[PDB]
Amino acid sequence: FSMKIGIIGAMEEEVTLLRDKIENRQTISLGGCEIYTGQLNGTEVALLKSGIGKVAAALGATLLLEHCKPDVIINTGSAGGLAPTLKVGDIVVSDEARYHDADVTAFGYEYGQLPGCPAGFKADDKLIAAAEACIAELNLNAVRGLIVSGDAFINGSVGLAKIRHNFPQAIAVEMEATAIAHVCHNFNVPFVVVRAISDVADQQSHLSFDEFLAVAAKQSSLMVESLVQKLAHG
């Protein structure tokens, strides 16, 4: 009864379902971002609409942390599925997050690692465990593992081949998760990424995205709602 859960989403479509469920909602406009405060079935939350990309996600995560001091962070939204058993609508939960477009290897850093940061950012065990409890309880098809972020919308070709080569075990790719993990790391705040598949990052990922962003938003939102409740009570 004294916990505040932070939730971050990039697009309007990705946060609108959660925003509409907030009781006593109030809006905070700042730094070009929007923060919606209130409760989700009695649980205090702070929902940030960040905008697309690493910097927008970083700027917004920083404002959310400074301004609302949430206890944990949940990143929601869509994603391009990379694991083989994933289908549109399926859930992906992060074990860890890495930049697939960072390269300071000329200096001896691991591919994807930036100087002064760990090669990858690890998601919180408890948060990950609660997300799986919800996946079991809702009987959804989900996959857990490494999620990679970059500032490009992956649409087949070499973009996708480069990723599969450098991160063979990556299960999904998107554009804000790792930026958020990075900010949470520097502020020492627990985070987890729980997104849903809207495409498979191949040559038609853009068309698939147009057709299924809605189901990914809906499925991701349902998961966030369940996770907020499980973290609040049990």
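We call the rigid core whatever largest set of C-alpha positions still superposes within 1.5 Å between the two forms. The first residue of the shown sequence is 1; numbering continues from there.
Visitor: Rigid core superposed, root mean square over structures and residues, which stretch has C-alphas farther from this form in 5 other deposited structures of this protein, 185 to 193 or 23 to 31?
Guide: Output: 23 to 31, the stretch lying farther off on average in 5 other deposited structures of this protein.
Visitor: Which is farther from the shown form in 5 other deposited structures of this protein in C-alpha RMS with the core fitted, 194 to 202 or 55 to 63?
Guide: So, of the two stretches, the farther one in 5 other deposited structures of this protein is 194 to 202.
Visitor: Can you tell me whether 93 to 101 has a higher mean C-alpha B factor than 133 to 141 in this record, or the other way round?
Guide: Per the PDB record, 133 to 141.
Visitor: Tell me which stretch has the larger mean Cα B-factor in this entry, 25 to 33 or 176 to 184.
Guide: Taking the mean B-factor of the alpha carbons in each, 25 to 33 is higher.
Visitor: Taking the Cα B-factors listed in the entry, which of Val158, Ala152, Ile73, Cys117 comes out highest?
Guide: Reading the PDB entry, the winner on C-alpha B-factor is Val158.
Visitor: Between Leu207, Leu47, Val189, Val194, which one tops the list for C-alpha B-factor in the PDB entry?
Guide: Spelled out: the listed residue with the top C-alpha B-factor is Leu207.
Visitor: Using the B-factors in the PDB entry, rank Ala10's C-alpha atom against the chain and give the third, lowest, middle or highest.
Guide: Lowest third, going by the recorded CA B-factors of the chain.
Visitor: Please place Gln169 in the lowest, middle or highest third of its chain according to the CA B-factor in the PDB entry.
Guide: For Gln169, the deposited C-alpha B-factor lands in the highest third.
Visitor: Which third, lowest, middle or highest, does the C-alpha temperature factor of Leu40 belong to within its own chain?
Guide: Ranked within chain, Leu40 CA B lands in the highest tercile.
Visitor: Check where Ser198 lands among this chain's C-alpha B-factors and tell me if it's the lowest, middle or highest third.
Guide: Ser198: CA B-factor falls in the middle third of its chain.
Visitor: Rank-wise, by C-alpha B-factor, drop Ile147 into the lowest, middle or highest third of its chain.
Guide: Middle third.
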